[PDB]
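This is entry.csv. It holds CSV, N, CA and C atoms.
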```
chain,number,residue,atom,x,y,z
A,1,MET,N,-27.8,-19.0,1.9
A,1,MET,CA,-27.6,-18.3,3.1
A,1,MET,C,-28.9,-17.5,3.5
A,2,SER,N,-29.1,-17.4,4.8
A,2,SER,CA,-30.4,-16.8,5.2
A,2,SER,C,-30.4,-15.3,4.7
A,3,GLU,N,-29.3,-14.7,4.6
A,3,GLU,CA,-29.2,-13.3,4.1
A,3,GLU,C,-28.5,-13.3,2.7
A,4,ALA,N,-29.0,-12.5,1.8
A,4,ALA,CA,-28.3,-12.5,0.4
A,4,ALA,C,-26.9,-12.1,0.6
A,5,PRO,N,-26.0,-12.9,-0.1
A,5,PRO,CA,-24.5,-12.6,0.0
A,5,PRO,C,-24.1,-11.4,-0.8
A,6,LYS,N,-23.1,-10.7,-0.3
A,6,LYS,CA,-22.7,-9.4,-1.0
A,6,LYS,C,-21.3,-9.6,-1.5
A,7,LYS,N,-21.0,-9.3,-2.7
A,7,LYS,CA,-19.6,-9.5,-3.2
A,7,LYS,C,-18.9,-8.1,-3.2
A,8,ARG,N,-17.7,-8.1,-2.7
A,8,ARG,CA,-17.0,-6.8,-2.7
A,8,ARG,C,-15.7,-6.9,-3.5
A,9,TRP,N,-15.2,-5.8,-4.0
A,9,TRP,CA,-13.9,-5.8,-4.8
A,9,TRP,C,-12.7,-5.5,-3.8
A,10,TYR,N,-11.7,-6.3,-3.9
A,10,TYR,CA,-10.5,-6.0,-3.1
A,10,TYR,C,-9.3,-5.8,-4.0
A,11,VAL,N,-8.3,-5.0,-3.5
A,11,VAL,CA,-7.1,-4.8,-4.4
A,11,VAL,C,-6.0,-5.7,-3.9
A,12,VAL,N,-5.2,-6.2,-4.8
A,12,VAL,CA,-4.1,-7.1,-4.4
A,12,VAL,C,-2.7,-6.5,-4.8
A,13,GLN,N,-1.8,-6.4,-3.9
A,13,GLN,CA,-0.5,-5.8,-4.2
A,13,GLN,C,0.5,-6.9,-4.6
A,14,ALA,N,1.2,-6.8,-5.7
A,14,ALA,CA,2.1,-7.9,-6.1
A,14,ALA,C,3.3,-7.2,-6.8
A,15,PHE,N,4.4,-7.9,-7.0
A,15,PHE,CA,5.6,-7.3,-7.6
A,15,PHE,C,5.3,-7.1,-9.1
A,16,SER,N,5.9,-6.1,-9.7
A,16,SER,CA,5.6,-5.8,-11.1
A,16,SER,C,6.3,-7.0,-12.0
A,17,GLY,N,5.7,-7.3,-13.1
A,17,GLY,CA,6.3,-8.3,-14.0
A,17,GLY,C,5.7,-9.7,-13.6
A,18,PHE,N,5.4,-9.9,-12.3
A,18,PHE,CA,4.7,-11.2,-11.9
A,18,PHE,C,3.3,-10.9,-11.6
A,19,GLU,N,2.8,-9.7,-11.7
A,19,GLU,CA,1.4,-9.5,-11.4
A,19,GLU,C,0.5,-10.4,-12.2
A,20,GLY,N,0.8,-10.7,-13.4
A,20,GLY,CA,0.0,-11.7,-14.2
A,20,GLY,C,0.1,-13.1,-13.6
A,21,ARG,N,1.3,-13.5,-13.2
A,21,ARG,CA,1.4,-14.9,-12.6
A,21,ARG,C,0.7,-14.9,-11.3
A,22,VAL,N,0.8,-13.8,-10.5
A,22,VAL,CA,0.2,-13.8,-9.2
A,22,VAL,C,-1.3,-14.2,-9.3
A,23,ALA,N,-2.0,-13.6,-10.3
A,23,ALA,CA,-3.4,-13.9,-10.5
A,23,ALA,C,-3.6,-15.4,-10.7
A,24,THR,N,-2.7,-16.0,-11.5
A,24,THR,CA,-2.8,-17.5,-11.8
A,24,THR,C,-2.6,-18.3,-10.5
A,25,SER,N,-1.7,-17.8,-9.7
A,25,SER,CA,-1.5,-18.5,-8.4
A,25,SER,C,-2.8,-18.6,-7.6
A,26,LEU,N,-3.6,-17.5,-7.6
A,26,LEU,CA,-4.9,-17.5,-6.9
A,26,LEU,C,-5.7,-18.7,-7.3
A,27,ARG,N,-5.9,-18.9,-8.6
A,27,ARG,CA,-6.7,-20.0,-9.1
A,27,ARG,C,-6.2,-21.3,-8.5
A,28,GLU,N,-4.9,-21.5,-8.4
A,28,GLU,CA,-4.4,-22.7,-7.9
A,28,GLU,C,-4.7,-22.8,-6.4
A,29,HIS,N,-4.3,-21.8,-5.6
A,29,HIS,CA,-4.6,-21.8,-4.1
A,29,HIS,C,-6.1,-21.9,-3.9
A,30,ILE,N,-6.8,-21.0,-4.6
A,30,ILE,CA,-8.3,-21.0,-4.4
A,30,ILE,C,-8.9,-22.4,-4.9
A,31,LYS,N,-8.5,-22.8,-6.0
A,31,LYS,CA,-9.0,-24.2,-6.5
A,31,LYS,C,-8.7,-25.2,-5.5
A,32,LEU,N,-7.5,-25.3,-5.0
A,32,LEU,CA,-7.1,-26.3,-4.0
A,32,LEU,C,-7.9,-26.1,-2.7
A,33,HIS,N,-8.0,-24.9,-2.2
A,33,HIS,CA,-8.7,-24.7,-1.0
A,33,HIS,C,-10.2,-24.5,-1.3
A,34,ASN,N,-10.6,-24.7,-2.6
A,34,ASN,CA,-12.0,-24.6,-3.0
A,34,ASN,C,-12.5,-23.2,-2.6
A,35,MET,N,-11.7,-22.1,-2.8
A,35,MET,CA,-12.2,-20.8,-2.4
A,35,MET,C,-12.8,-20.1,-3.6
A,36,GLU,N,-13.0,-20.8,-4.7
A,36,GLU,CA,-13.6,-20.1,-5.9
A,36,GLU,C,-14.9,-19.5,-5.5
A,37,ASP,N,-15.7,-20.2,-4.6
A,37,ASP,CA,-17.0,-19.6,-4.2
A,37,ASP,C,-16.8,-18.2,-3.7
A,38,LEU,N,-15.8,-17.9,-3.0
A,38,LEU,CA,-15.5,-16.5,-2.5
A,38,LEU,C,-15.1,-15.6,-3.7
A,39,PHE,N,-14.1,-16.1,-4.5
A,39,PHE,CA,-13.7,-15.3,-5.6
A,39,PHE,C,-14.7,-15.3,-6.7
A,40,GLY,N,-15.1,-14.1,-7.2
A,40,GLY,CA,-16.1,-14.0,-8.3
A,40,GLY,C,-15.5,-13.7,-9.6
A,41,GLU,N,-14.9,-12.6,-9.7
A,41,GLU,CA,-14.2,-12.2,-11.0
A,41,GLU,C,-12.9,-11.5,-10.7
A,42,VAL,N,-11.8,-12.0,-11.1
A,42,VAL,CA,-10.5,-11.4,-10.8
A,42,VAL,C,-10.1,-10.5,-12.0
A,43,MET,N,-9.5,-9.4,-11.8
A,43,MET,CA,-9.1,-8.5,-12.9
A,43,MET,C,-7.6,-8.4,-13.1
A,44,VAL,N,-7.1,-8.3,-14.3
A,44,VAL,CA,-5.6,-8.2,-14.5
A,44,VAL,C,-5.3,-7.1,-15.4
A,45,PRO,N,-4.9,-5.9,-14.8
A,45,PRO,CA,-4.5,-4.7,-15.6
A,45,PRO,C,-3.2,-4.9,-16.3
A,46,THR,N,-2.6,-6.0,-16.2
A,46,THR,CA,-1.3,-6.2,-16.9
A,46,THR,C,-1.3,-7.5,-17.7
A,47,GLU,N,-0.6,-7.6,-18.8
A,47,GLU,CA,-0.6,-8.8,-19.6
A,47,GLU,C,0.6,-9.6,-19.4
A,48,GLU,N,0.5,-10.9,-19.5
A,48,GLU,CA,1.6,-11.8,-19.2
A,48,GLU,C,2.8,-11.5,-20.2
A,49,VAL,N,2.5,-10.9,-21.3
A,49,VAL,CA,3.6,-10.6,-22.3
A,49,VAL,C,3.5,-9.1,-22.6
A,50,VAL,N,4.5,-8.6,-23.3
A,50,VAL,CA,4.5,-7.1,-23.6
A,50,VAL,C,4.4,-6.9,-25.1
A,51,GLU,N,3.9,-5.8,-25.5
A,51,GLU,CA,3.7,-5.5,-27.0
A,51,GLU,C,5.0,-4.8,-27.5
A,52,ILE,N,5.4,-5.1,-28.7
A,52,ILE,CA,6.6,-4.4,-29.2
A,52,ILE,C,6.4,-2.9,-29.3
A,53,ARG,N,5.2,-2.5,-29.6
A,53,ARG,CA,4.9,-1.0,-29.6
A,53,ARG,C,5.2,-0.4,-28.3
A,54,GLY,N,5.6,0.8,-28.2
A,54,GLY,CA,5.9,1.5,-26.9
A,54,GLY,C,5.6,3.0,-27.0
A,55,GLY,N,5.9,3.7,-26.0
A,55,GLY,CA,5.6,5.2,-26.0
A,55,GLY,C,6.3,5.8,-27.2
A,56,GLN,N,5.7,6.7,-27.9
A,56,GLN,CA,6.3,7.4,-29.1
A,56,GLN,C,7.6,8.1,-28.7
A,57,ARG,N,7.7,8.6,-27.5
A,57,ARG,CA,8.9,9.3,-27.0
A,57,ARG,C,9.3,8.8,-25.6
A,58,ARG,N,10.5,8.7,-25.4
A,58,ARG,CA,11.0,8.2,-24.0
A,58,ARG,C,10.5,9.2,-22.9
A,59,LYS,N,10.4,10.4,-23.2
A,59,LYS,CA,9.9,11.4,-22.2
A,59,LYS,C,8.5,11.1,-21.8
A,60,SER,N,7.7,10.6,-22.8
A,60,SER,CA,6.3,10.2,-22.5
A,60,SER,C,6.2,9.2,-21.3
A,61,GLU,N,5.1,9.2,-20.6
A,61,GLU,CA,5.0,8.3,-19.5
A,61,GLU,C,3.9,7.3,-19.7
A,62,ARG,N,3.8,6.3,-18.9
A,62,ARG,CA,2.7,5.3,-19.1
A,62,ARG,C,1.6,5.4,-18.0
A,63,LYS,N,0.4,5.3,-18.4
A,63,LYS,CA,-0.7,5.5,-17.4
A,63,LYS,C,-1.0,4.1,-16.8
A,64,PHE,N,-0.3,3.1,-17.2
A,64,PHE,CA,-0.6,1.7,-16.6
A,64,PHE,C,-0.2,1.7,-15.1
A,65,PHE,N,-0.9,0.9,-14.3
A,65,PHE,CA,-0.5,0.8,-12.9
A,65,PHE,C,-0.2,-0.6,-12.5
A,66,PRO,N,1.0,-1.1,-12.9
A,66,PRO,CA,1.4,-2.5,-12.6
A,66,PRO,C,1.6,-2.7,-11.1
A,67,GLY,N,1.4,-3.9,-10.6
A,67,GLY,CA,1.6,-4.2,-9.2
A,67,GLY,C,0.2,-4.1,-8.5
A,68,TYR,N,-0.8,-3.6,-9.2
A,68,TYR,CA,-2.1,-3.5,-8.5
A,68,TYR,C,-3.1,-4.4,-9.2
A,69,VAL,N,-3.8,-5.2,-8.5
A,69,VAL,CA,-4.8,-6.1,-9.2
A,69,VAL,C,-6.2,-6.0,-8.5
A,70,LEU,N,-7.2,-6.1,-9.2
A,70,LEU,CA,-8.6,-6.0,-8.5
A,70,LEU,C,-9.2,-7.4,-8.6
A,71,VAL,N,-9.8,-7.8,-7.5
A,71,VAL,CA,-10.4,-9.1,-7.4
A,71,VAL,C,-11.7,-9.1,-6.6
A,72,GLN,N,-12.8,-9.6,-7.1
A,72,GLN,CA,-14.1,-9.5,-6.4
A,72,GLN,C,-14.2,-10.8,-5.5
A,73,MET,N,-14.5,-10.6,-4.2
A,73,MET,CA,-14.6,-11.8,-3.3
A,73,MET,C,-15.1,-11.3,-1.9
A,74,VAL,N,-15.5,-12.2,-1.1
A,74,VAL,CA,-16.0,-11.8,0.3
A,74,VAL,C,-14.8,-11.8,1.2
A,75,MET,N,-14.7,-10.8,2.1
A,75,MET,CA,-13.6,-10.8,3.1
A,75,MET,C,-13.8,-11.8,4.2
A,76,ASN,N,-13.0,-12.8,4.3
A,76,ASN,CA,-13.2,-13.8,5.4
A,76,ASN,C,-11.8,-14.2,5.9
A,77,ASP,N,-11.7,-15.0,7.0
A,77,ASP,CA,-10.4,-15.4,7.5
A,77,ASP,C,-9.8,-16.4,6.6
A,78,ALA,N,-10.6,-17.2,5.9
A,78,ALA,CA,-10.0,-18.2,4.9
A,78,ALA,C,-9.3,-17.5,3.8
A,79,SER,N,-10.1,-16.8,2.9
A,79,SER,CA,-9.5,-16.1,1.8
A,79,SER,C,-8.4,-15.2,2.2
A,80,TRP,N,-8.6,-14.3,3.1
A,80,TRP,CA,-7.5,-13.5,3.6
A,80,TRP,C,-6.3,-14.3,3.8
A,81,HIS,N,-6.3,-15.3,4.7
A,81,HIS,CA,-5.1,-16.1,4.9
A,81,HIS,C,-4.6,-16.7,3.6
A,82,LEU,N,-5.6,-17.1,2.8
A,82,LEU,CA,-5.1,-17.7,1.5
A,82,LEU,C,-4.4,-16.7,0.7
A,83,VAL,N,-4.8,-15.5,0.7
A,83,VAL,CA,-4.1,-14.4,-0.1
A,83,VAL,C,-2.6,-14.3,0.4
A,84,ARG,N,-2.4,-14.3,1.7
A,84,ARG,CA,-1.0,-14.2,2.2
A,84,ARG,C,-0.2,-15.4,1.7
A,85,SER,N,-0.8,-16.5,1.7
A,85,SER,CA,-0.1,-17.8,1.2
A,85,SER,C,0.4,-17.6,-0.2
A,86,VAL,N,-0.4,-16.8,-1.0
A,86,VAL,CA,0.0,-16.6,-2.4
A,86,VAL,C,1.4,-16.0,-2.5
A,87,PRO,N,2.3,-16.6,-3.3
A,87,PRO,CA,3.7,-16.2,-3.4
A,87,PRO,C,3.7,-14.9,-4.3
A,88,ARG,N,4.7,-14.1,-4.2
A,88,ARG,CA,4.9,-12.9,-5.0
A,88,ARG,C,3.7,-11.9,-4.7
A,89,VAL,N,3.4,-11.8,-3.4
A,89,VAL,CA,2.3,-10.9,-3.0
A,89,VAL,C,2.7,-9.9,-1.9
A,90,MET,N,2.7,-8.6,-2.2
A,90,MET,CA,3.1,-7.7,-1.1
A,90,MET,C,2.1,-7.7,0.0
A,91,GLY,N,0.8,-7.7,-0.3
A,91,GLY,CA,-0.2,-7.7,0.7
A,91,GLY,C,-1.6,-7.1,0.2
A,92,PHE,N,-2.4,-6.6,1.0
A,92,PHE,CA,-3.7,-6.0,0.5
A,92,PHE,C,-3.6,-4.5,0.5
A,93,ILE,N,-4.5,-3.9,-0.2
A,93,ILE,CA,-4.5,-2.4,-0.2
A,93,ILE,C,-5.9,-1.9,0.4
A,94,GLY,N,-5.8,-1.2,1.5
A,94,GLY,CA,-7.1,-0.7,2.1
A,94,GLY,C,-6.7,0.2,3.3
A,95,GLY,N,-7.5,0.3,4.3
A,95,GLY,CA,-7.3,1.1,5.5
A,95,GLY,C,-6.1,0.6,6.3
A,96,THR,N,-6.0,-0.7,6.3
A,96,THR,CA,-4.8,-1.3,7.1
A,96,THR,C,-4.3,-2.5,6.3
A,97,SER,N,-3.2,-3.1,6.8
A,97,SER,CA,-2.6,-4.3,6.1
A,97,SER,C,-3.2,-5.6,6.6
A,98,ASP,N,-4.3,-5.5,7.3
A,98,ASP,CA,-4.9,-6.7,7.9
A,98,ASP,C,-6.4,-6.7,7.5
A,99,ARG,N,-6.9,-5.7,6.8
A,99,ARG,CA,-8.3,-5.7,6.4
A,99,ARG,C,-8.5,-4.6,5.3
A,100,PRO,N,-8.5,-5.0,4.0
A,100,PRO,CA,-8.7,-4.1,2.9
A,100,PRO,C,-10.1,-3.5,2.9
A,101,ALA,N,-10.2,-2.2,3.0
A,101,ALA,CA,-11.5,-1.6,3.0
A,101,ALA,C,-12.2,-1.8,1.6
A,102,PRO,N,-13.5,-2.2,1.6
A,102,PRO,CA,-14.2,-2.5,0.4
A,102,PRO,C,-14.4,-1.2,-0.4
A,103,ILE,N,-14.6,-1.3,-1.7
A,103,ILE,CA,-14.8,-0.1,-2.6
A,103,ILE,C,-16.1,-0.4,-3.4
A,104,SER,N,-16.7,0.7,-3.9
A,104,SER,CA,-17.9,0.5,-4.7
A,104,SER,C,-17.5,-0.2,-6.0
A,105,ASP,N,-18.5,-1.0,-6.6
A,105,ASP,CA,-18.2,-1.7,-7.8
A,105,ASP,C,-17.8,-0.7,-8.9
A,106,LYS,N,-18.5,0.4,-9.0
A,106,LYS,CA,-18.2,1.4,-10.0
A,106,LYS,C,-16.8,1.9,-9.9
A,107,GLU,N,-16.3,2.1,-8.7
A,107,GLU,CA,-14.9,2.5,-8.5
A,107,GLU,C,-14.0,1.5,-9.1
A,108,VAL,N,-14.2,0.3,-9.0
A,108,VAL,CA,-13.3,-0.7,-9.6
A,108,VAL,C,-13.3,-0.6,-11.1
A,109,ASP,N,-14.4,-0.3,-11.7
A,109,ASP,CA,-14.5,-0.1,-13.2
A,109,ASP,C,-13.7,1.1,-13.6
A,110,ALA,N,-13.6,2.1,-12.8
A,110,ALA,CA,-12.8,3.3,-13.1
A,110,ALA,C,-11.3,2.9,-13.2
A,111,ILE,N,-10.9,2.2,-12.2
A,111,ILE,CA,-9.4,1.7,-12.3
A,111,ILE,C,-9.1,1.1,-13.6
A,112,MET,N,-9.9,0.1,-14.0
A,112,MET,CA,-9.6,-0.6,-15.3
A,112,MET,C,-9.8,0.4,-16.4
A,113,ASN,N,-10.8,1.3,-16.3
A,113,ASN,CA,-11.0,2.3,-17.4
A,113,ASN,C,-9.7,3.0,-17.7
A,114,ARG,N,-9.0,3.3,-16.7
A,114,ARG,CA,-7.7,4.1,-16.9
A,114,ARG,C,-6.7,3.3,-17.8
A,115,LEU,N,-6.7,2.0,-17.5
A,115,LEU,CA,-5.8,1.1,-18.3
A,115,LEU,C,-6.2,1.2,-19.8
A,116,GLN,N,-7.5,1.2,-20.1
A,116,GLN,CA,-7.9,1.3,-21.5
A,116,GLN,C,-7.6,2.7,-22.1
A,117,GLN,N,-7.6,3.7,-21.3
A,117,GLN,CA,-7.2,5.0,-21.8
A,117,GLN,C,-5.8,5.0,-22.4
A,118,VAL,N,-5.7,5.6,-23.6
A,118,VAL,CA,-4.3,5.6,-24.3
A,118,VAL,C,-4.0,7.1,-24.6
A,119,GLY,N,-2.7,7.3,-24.9
A,119,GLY,CA,-2.3,8.7,-25.3
A,119,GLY,C,-2.3,8.8,-26.8
A,120,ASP,N,-3.5,8.6,-27.4
A,120,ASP,CA,-3.6,8.8,-28.8
A,120,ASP,C,-3.1,10.2,-29.3
A,121,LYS,N,-3.3,11.2,-28.5
A,121,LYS,CA,-2.9,12.5,-28.8
A,121,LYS,C,-1.9,13.0,-27.8
A,122,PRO,N,-0.6,12.6,-27.8
A,122,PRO,CA,0.4,13.0,-26.9
A,122,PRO,C,0.8,14.5,-27.0
A,123,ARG,N,1.1,15.2,-25.9
A,123,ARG,CA,1.4,16.6,-26.0
A,123,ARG,C,2.7,16.9,-25.2
```

Go ahead and render the structure in this file as structure tokens.
Amino acid sequence: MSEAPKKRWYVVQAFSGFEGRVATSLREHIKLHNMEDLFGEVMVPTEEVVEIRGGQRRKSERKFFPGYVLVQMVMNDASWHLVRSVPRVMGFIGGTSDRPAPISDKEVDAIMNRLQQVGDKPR
């Protein structure tokens, strides 16, 4: 491209429990529409399976944020339309439901950083 391309991170809203599968669907739709060029690195704050271990106490809460996924890609009419075609997808998260405002790359790292955070010392 005459001008250096810029990659931006976008948030994807999906139903809880299927957030992991939703990401897999992107690879299929993107691979079929050859949109991989736009998608750079998708993030998955949820695991396809769950661990037997759980909160030490029921009163305790979870800092995990299911239903939210981060994906790096360029905002365009193709990808955008491709995202809507993705099944089990509520929509995008940004200023409006038709154009997700881009966020700094460091901000995207903070979101995933929260998932790594654990309640080693519950109070």

Mind the document's chain letters and residue numbers, and return as a VMD selection string the residues of chain A that DSSP labels helix (DSSP H, G or I).
chain A and resid 19 to 33 77 to 85 105 to 116

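Nearest-residue note for residue 95 of chain A: choosing from A:35, A:52, A:4, A:11, the minimum distance belongs to A:11, counting only C-alpha atoms.
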
A:88, A:106, A:99, A:123 ranked by distance to residue 21 of chain A, top pick (using all atoms listed in the file)
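Of A:88, A:106, A:99, A:123, the one nearest residue 21 of chain A is A:88, counting all atoms listed in the file.
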
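Restricting the calculation to all atoms listed in the file, the smallest distance between residue 102 of chain A and any of A:84, A:9, A:3, A:53 is found for A:9.
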
Atomic separation - atom CA of residue 23 of chain A relative to atom C of residue 63 of chain A, Å
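Atom-to-atom, atom C of residue 63 of chain A to atom CA of residue 23 of chain A, that is 19.2 Å.
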